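Considered here are two forms of the same protein chain, supplied as structure tokens in two stand-alone entries, structure 1 and structure 2.
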Structure 1
């Protein structure tokens, strides 16, 4: 009905349990063998459904770990069936076994490769996180990293550091005259300043168009828009602030500074994107992302409810006879959170006992709030957050490898390890 065959149904049946995995594996193997015996001329696994996914691509995209692990490491040691295998063993010693894997459909299917569907999954799949631990995929990604992607990624991080340093210098040394745009001066420092500004705007345009390219190629669902693509959204919003700053700058508004500094701040925090992909340092940025997306909404809602309620109570209580505004009272109550609450910031009230009782209740409740946030987050420290962060680190490495391979910047796409070692299957030697 959906253009698929029995193998896609087999992929759908599996639920990453031992018995169902073995059942699906047995059916998959027997069906492949019988299909080869019935139709030796047909490629059984190359039929794509209406979504353009092969059974291997469907297993990769659907989060079916057992099926993917079986298929990628499938090996056959009987006549009339060796042509259906993907793994081939070259040497068999005690501790080490050297074997050739098939890179076909893993690096490219011309629509949807295995690494692409794994990396660019919706993140709502059951356990895609561990799919990169499968031997051929793990070693392929590590080889791609150590070969050429590592240097390219470090170069991109260095270039981003230069871009941010130039942006910081250009923004720091912005002229303080009124009503932009500003006329240049013959002093060399001003030529360096405008060169830095031009480079900053160029980088902003680059990130803007890269963000548009990402959103058009990925087409986020608008429900998982922030769950995935978080770093891309932050880079795009930083570029949006940069371009709004350019518009305000040429529109003769000093409010361009209001945009620019936000972009500047975002730009520096966007260096955490490059931190992700490091085994030790990337975990921290991953945890920041997950806390902001997942655990910050409820805390900020409850905290702002308490802050607004008690600030409205306090500002109602105080009357002039300084701080008479709701904003000032909100700031004074927020100061308690940062350990700078005066607790006698005004005397412009009647019923001092009421004012002090309100502030003490706010303090006690706010510390209860912070304590409950801590407790709620520490309830998830039993192997959950650590495993999730290591998994996201692996996924970021995979995504970086895929993006760098997509760019290649050399008009040359060849990045295979062993080559076509007839069975031209793009072998991959693993020792």
Structure 2
């Protein structure tokens, strides 16, 4: 039961030295196996893998968190059937048929840990985990998540998506049929239309408060950092910001400001786009939402900086050039923006001098932006998509895993009765003269 200065034991050290190469994988797995067996023989009373570091991470949890696929895949699929060693086996084989094995896996601290489980550390990783997307392909995790999806989570997720659709329809109806008199709040009339509208407004604000508190719960439970605040937590941030716009709309509504509409429409717009959160977790249709997240966070910042540099530079040049209607910098910025959307006039004003200078500026602007910068954006998108589609293919599973964990955490029964299988003695051997059962889960493959 040795420990290091950080508080971790030797098995954590074996995890850390991993780098997921073939020879490193062989070395680390062999050292893990041998040291664990030796620890069993010297101290059969005390298990090493139960020992956490100062961060409360077991070697399995550290291997999962740090993105070590060789180590995690070894540990989760570690079958030990030797004398005085079976009692630390992670999995077993009941039926040893040729094409198919009826393996049984111990799910201790993989679903329920009460500190942090393998699924929890994988799904709630910091996004720096190099193999988190492929880490769930490890047999017990893949089959466990698929089982939990089909068992109860699929229905709950579809119900939540349906309810969100109802919420957005109600919100859209309540906002669309908003009153057009001045100075809110608006007195209710006894007509049924006002009762339906105010019910819609109340449900809209109720959903806003729900998402607001859900966002707070997420941020408090996760405590993310600014450096990775948007790289992770993107969907939760968008839902939280939607709720923020809803609540600012409520404040302005009861503060007697027309500007409540200014907030409400944004929330409404955000609300509909937030339906893409529910498309993630579908392999067929979730690709676009993941790519939108990735491109907005990664690619849109640099492109928009360059594009705005071009647009502002040429807009300032043009608005300087003209003199007298379009003399504002805003109008010129909009006119130069129109070229991007294929609606630039290319002679939008005569009130100026030096025709050649003006047309040269506009031609250079459209060549640089419309013909060149946009096509360069397309080229970079083509390259990066060609590289990352294979990653999005697994971001599917990763988001489904997050969904499963969130559903288990809520669960709406005030209980954690979400276990799958196991009612009989599992191991058949202990260092003592007893037997143990640790939530055996069967995988036929």
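Under this definition, the rigid core comprises the largest set of C-alpha atoms superposing within 1.5 Å between the forms. Numbering follows the first chain given and starts at 1. Only residues modelled in both forms are compared.
Engineer: Only one of 34, 386, 374, 364 shifts by 2 Å or more at CA between the two structures when the core is aligned; which is it?
Structural biologist: Among the listed residues, the one whose C-alpha moves by 2 Å or more is 374.
Engineer: On a rigid core superposition, how far has the CA of residue 186 moved between the two structures, in Å, if you could check?
Structural biologist: In the core superposition between the two structures, the C-alpha of residue 186 moves 0.7 Å.
Engineer: Align on the rigid core first, then pass along the CA displacement of residue 78 between the two structures in angstrom.
Structural biologist: Core-aligned C-alpha shift comes out at 1.5 Å.
Engineer: Can you list the runs of 3 or more residues whose CA atoms move by 2 Å or more between the two structures, with the rigid core superposed?
Structural biologist: In sequence order, the runs that relocate between the two structures are 367 to 384, 414 to 417.
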